[PDB]
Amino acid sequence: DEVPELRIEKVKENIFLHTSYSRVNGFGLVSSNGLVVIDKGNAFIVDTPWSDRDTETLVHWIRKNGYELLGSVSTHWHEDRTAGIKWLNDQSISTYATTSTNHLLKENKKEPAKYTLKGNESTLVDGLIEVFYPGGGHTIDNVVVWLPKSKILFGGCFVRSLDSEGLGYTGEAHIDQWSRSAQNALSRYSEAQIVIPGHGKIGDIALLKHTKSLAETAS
């Protein structure tokens, strides 16, 4: 039952990928991705690590390097996105999630984010971070995060890696809608140079085209 420690690796200027793990029944050890976004001495977390231990490590790294931590946002309700919300809340670090995500956390007896993002589109940190709802896919609540300054789309678990043979855990998925939702994201984010999936290797807009195709054949 050992798991690796969190690691933090640079994607490009001002953008860091955090990778953490959990052992999940039926899947074994699973790697999970989130980001730290830096701008003008401030930091913002996109999805928490998958444990308290790793959330603490990440926050310590941010503070060690002199950055002001403005908070976290989670891109859907499952534990690989939200495990550290309680830890962040208890340490007085602002946590954010959408109305739908916070509703689903409460329904499943989980600690909700302190702040709620309303509507299909939201803006964080004075335009640095844009949150967009493409439609149902992996879950009904899934959102993507666009970083206009970096030309990065963080897809979360709405986007699959290129080596993925399937859509992953589909127990709560909207498979028919997912292909259309993926097209919505493709049409909106033509500028995207880098796309980051919730699990697996980063790439370009090809990840969205592959995800779209996977959804089409899963139907």
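Throughout, we count residues from 1 along the sequence that is shown.
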Check your understanding: Out of 153 to 161 and 62 to 70, which stretch has the higher average CA B-factor listed in the record?
Key -> 62 to 70
Review point. Which wins on mean Cα temperature factor, 36 to 44 or 51 to 59?
Key: 36 to 44
**Study point:** Candidate residues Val125, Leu88, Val143, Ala97, the one whose C-alpha B factor the record puts highest
**Key:** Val125
Practice item. From the list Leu17, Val24, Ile202, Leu208, select the residue with the highest C-alpha B factor recorded in the entry. Key: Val24
Check your understanding: Which third of the chain does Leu147 land in by C-alpha B-factor: lowest, middle or highest?
Key -> middle
Review point. Mind checking which third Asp1 falls in for C-alpha B-factor across the chain?
Key: highest
Check your understanding: Of the three thirds of its chain by CA temperature factor, lowest, middle or highest, which one includes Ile129?
Key -> highest
Practice item. For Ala218, return the chain-relative third of its C-alpha B-factor as stated in the PDB record: lowest, middle or highest. Key: highest
**Study point:** Modelled-residue ranking by C-alpha temperature factor, third containing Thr75
**Key:** lowest
